[PDB]
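Visitor: All I have is the shape, not the residue letters:
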Ligand SMILES: CCCCCCCCC[C@@H](O)CC(=O)N[C@H]1[C@H](O)[C@@H](CO)O[C@H](OP(=O)(O)OP(=O)(O)OC[C@H]2O[C@@H](n3ccc(=O)[nH]c3=O)[C@H](O)[C@@H]2O)[C@@H]1NC(C)=O
Ligand SMILES: CCCCCCCCC[C@@H](O)CC(=O)N[C@H]1[C@H](O)[C@@H](CO)O[C@H](OP(=O)(O)OP(=O)(O)OC[C@H]2O[C@@H](n3ccc(=O)[nH]c3=O)[C@H](O)[C@@H]2O)[C@@H]1NC(C)=O
Ligand SMILES: CCCCCCCCC[C@@H](O)CC(=O)N[C@H]1[C@H](O)[C@@H](CO)O[C@H](OP(=O)(O)OP(=O)(O)OC[C@H]2O[C@@H](n3ccc(=O)[nH]c3=O)[C@H](O)[C@@H]2O)[C@@H]1NC(C)=O
């Protein structure tokens, strides 16, 4: 329940009694911080921030700061929604939404390495890793268990599928498909994120069905449109594969070129 | 006119009366800060810094710090010259000059996104954008309205032309030509920065003349030297095109290869 | 001998009397800082940190922070060993070891530019340069006089040889061989780091023997295995060349592909 005396916390900020705030941190008004959340030193939590339970914010992390959008109205009250059990490492930088009804949303059990960045209006699910120095532009969506490696940049309006991986230094300009590994500049889909599926304990049967789905899509000499139709006409598919199909059809920017 | 009590500001620092300095910021001696400039928390403004009007320095921004030059004499009094209406985002990092008569110069209406870096002796004009995590080496020159995307690195002694764009993750080793888009590792000129010229309200006539100039240079099967001569012998050219020609001739490192 | 009043330093921390600690810095218990070491503002030195003589830690540098390893036990007492005459620039980030008997080790006369990162269990020798925004993963080893340029990422378990260079933006996934230059994504060995060998004052005879060694390895139409055997059967070799041979044989991940 210990808070450092040299912390500047607004009277109105709704901090749970268990919460810890370190030296020279600054918490603004219109802030909710729930149970078990530990804040270190020099952390800034900006107005609009709704932080859940058992999160950690390491030194210099900056939460709910202004959108890096030159057309954004700074007098607006916009939000940063953060779930439970997230870790924000040193100088990680999370920006709030650009509209009253579009917050920046982070789920549970995500890990933001030092100096990593989440732009305005990003939506992240659960158990994601954003590695050191990686930057998401505004309006980037991650599903669950995505691994984004160091110094990656993700273009605005891209989706990153569940259990996908993006290697160091990759320039992502289109969607990263589920269960897949993306790499390079220009980046391409390399193949399956097998290591991630195994780590996640996917049965060999599911992993093979995911493999067959992408064999059809990417390794059968037919267009993506025809490949998706073939998969469906094939009969009853597992939900992972239905998810792959949906992901391809709903894609806004399109899906990263295959290598 | 409000300054936070926990700020360490040198008595000699020349701050205007309107200026605002946030919690735990450190301003040194030999600092001039003009009217309307707002400084947030944990900002450091180093000796030699001449800051203009209506600038903003977000949390943790570091201004006029020592050159990352191992041969530089730290006892020297060198400057960081910053104009009006500039925005320096969280943990952005601006380094001072390496000589008494060569300051680091930033003009007006520039935007430095979080964790972006301007090396010693850089010269930047007006209305430029330095996107998140981007780094300019020492002695980098930007004109006006250059857009430099996220996690770009620019080599020392490169020039970046007006209304040019550099995409994520590009490794810039030679000049970025005016009105052009550069991308990749190794980077190349992709084509015209049409989006930027339109946004800037260039007439179709000017945009087409810029297009014709580069068609000759890059798309007519002739050497750059011959292409520039052809353009001039063509008669009276618009000033944008004369600027393109001058930019190519005055280039020190040469101009980025075309794709 | 001057320490700022607003610094939070643990009573148990073993700081030499000459040491300087700037405003709003935080030093923890179980910290040794030797003679002549200057710390600026907002620097954090974490438990386990053994800092030598005449080092400098610029504003916001974070030393001995927790490993970015999700399987690491945070209750463990692990170390960060730093030698003499090192410079850590603004917001540079050094992480401690993951085991009691495996510290993170930095030698002497190294330079860590702003926002550069050394992951858990890295071993660095002397006179190395880690340029702005560059990131080393955990278990990265650098020898002596390695120059690592801006925004480079180095994969876990890679070795970087003496007097080697890695250009901006390079994605390093295998070893960087001694006296060599590595570049790109995917990165390759470009050739010899001649500039670095000359700067270091290598005689033309040694530089030529290094050149001949790599000519055999990389420019004689024979496998690396055969090339190394040929070099040895050639007779008495200089120690630089023996070092090249050893480096290739002892390599864990293998050595970066040649261009
Ligand atoms: C181009 C290199 C970029 C380097 C960036 C360094 C950032 C700083 C990081 C450091 O500070 C902290 C420290 O580095 N953290 C890492 C730590 O060093 C490492 C221990 O060595 O454990 C993990 O690395 P992991 O690679 O996840 O486990 P491992 O090495 O056993 O797996 C080997 C291969 O598995 C593939 N793979 C893994 C997962 C997956 O889902 N799919 C997949 O194929 C990957 O491509 C990888 O090449 C930690 N997480 C991270 C994010 O690094
Ligand atoms: C490889 C991806 C790198 C991602 C790096 C993210 C950094 C963090 C950024 C976030 O935090 C904040 C947040 O991302 N800021 C951006 C914000 O998200 C976005 C709203 O979505 O508005 C702008 O993006 P813009 O791309 O300028 O406008 P828009 O998306 O409508 O234009 C589409 C295309 O126009 C081309 N183009 C644009 C200008 C030009 O002159 N020429 C040109 O061709 C570009 O190549 C681009 O692909 C904001 N500025 C910036 C710098 O991102
Ligand atoms: C892709 C560009 C990446 C830019 C990243 C900028 C980071 C911020 C940096 C700034 O803030 C601070 C500021 O930039 N620091 C640099 C400073 O600007 C510069 C003065 O201009 O002096 C040095 O640059 P150096 O390149 O070492 O000396 P020089 O320019 O005379 O050598 C030219 C060529 O030598 C080759 N070479 C050099 C050494 C070697 O061993 N082998 C080798 O071949 C390199 O590939 C290089 O292209 C300083 N060190 C650094 C690390 O930049």
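Guide: On my side now, so go ahead. Numbering: from 1, shown residues only, chains lettered A, B, ... in the order given. Ligands and ions are numbered 1, 2, ... in the order given.
Visitor: in stretch A:98-113, what's buried?
Guide: Neighbour counts over stretch A:98-113 (16 or more other Cβ atoms under 10 Å in any protein chain shown) mark A:98, A:103, A:104, A:105, A:106, A:107, A:108, A:109, A:110, A:111, A:112, A:113 as buried. Backbone N, C-alpha and C define where each C-beta goes, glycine included.
Visitor: anything in it near ligand 2?
Guide: No - between stretch A:98-113 and ligand 2, judged by Cβ under 6 Å from any ligand atom, nothing touches; the nearest distance is 8.1 Å.
Visitor: So that stretch, near chain B or not?
Guide: No - using Cβ under 8 Å from any Cβ of the partner chain, stretch A:98-113 never reaches chain B; the gap is at least 13.2 Å.
Visitor: Any idea how far apart the tips of that stretch sit?
Guide: Distance between the boundary residues of stretch A:98-113 (Cα to Cα, to the nearest Å) amounts to 24 Å.
Visitor: Domain-wise, how is chain A divided?
Guide: Using curated CATH domains, the domains assigned to chain A come out as A:1-191, A:192-259.
Visitor: re the thing from before, identify those among the buried residues of stretch A:98-113 that sit within strands.
Guide: Using DSSP state E, the subset of the buried residues of stretch A:98-113 located in strands is A:104, A:105, A:106, A:111, A:112.
Visitor: Let me know the closest of the residues you listed to residue B:240.
Guide: Among these, residue A:104 lies closest to residue B:240 (Cβ to Cβ), at 39.7 Å.
Visitor: For the closest one, give its distance to residue B:149.
Guide: Distance, residue A:104 to residue B:149, using Cβ to Cβ, to the nearest Å: 21 Å.
Visitor: And for residue A:78?
Guide: Noted for residue A:78: a distance of 24 Å to residue B:149, by Cβ to Cβ.
Visitor: Residue A:161 now?
Guide: Relative to residue B:149, residue A:161 is positioned 24 Å away (Cβ to Cβ).
Visitor: for residue A:149, same thing?
Guide: 19 Å.
Visitor: next one: residue A:173
Guide: Residue A:173 is 11 Å from residue B:149, by Cβ to Cβ.
Visitor: Looking at the two, which has the bigger crowd around it?
Guide: residue B:149 (25 against 21; other Cβ atoms under 10 Å in any protein chain shown).
Visitor: Apart from its chain neighbours, what residue comes closest to the residue in the stretch 1-150 of chain A positioned nearest to ligand 3?
Guide: With Cβ to the nearest ligand atom as the measure, residue A:133 is the residue of the stretch 1-150 of chain A nearest to ligand 3, at 13.7 Å. In space, and not counting its chain neighbours, residue A:133 is closest to residue A:151: 4.5 Å by Cβ to Cβ, 6 or more residues apart in numbering or on different chains.
Visitor: try residue A:161
Guide: Once flanking residues are discounted, residue A:161 sits nearest to residue A:178: 3.2 Å by Cβ to Cβ, 6+ apart.
Visitor: correct me, but the one you found touches residue A:245?
Guide: No - Residue A:178 is beyond contact range of residue A:245, at 10.1 Å (criterion: Cβ atoms under 8 Å).
Visitor: Between those two, which is the more surrounded one?
Guide: residue A:178 (26 against 17).
Visitor: among the domains of chain A, which is the most enclosed?
Guide: Highest mean neighbour count among the domains of chain A (mean count of other Cβ atoms under 10 Å in any protein chain shown): domain A:1-191, with a mean of 22.
Visitor: ok now that one, how far from the chain's centre?
Guide: Put simply, domain A:1-191 sits 8 Å off its chain's centre (Cα atoms, centre = their mean, to the nearest Å).
Visitor: next one: stretch A:201-217
Guide: That offset, for stretch A:201-217, works out to 24 Å (Cα atoms, centre = their mean).
Visitor: what sits up against it?
Guide: A:177, A:179-180, A:192, A:194, A:197-198, A:222, A:224, A:227-228, A:230-231, A:237-238, A:240-241, A:244-245, A:248 (Cβ atoms under 8 Å, 6 or more residues apart in numbering or on different chains).
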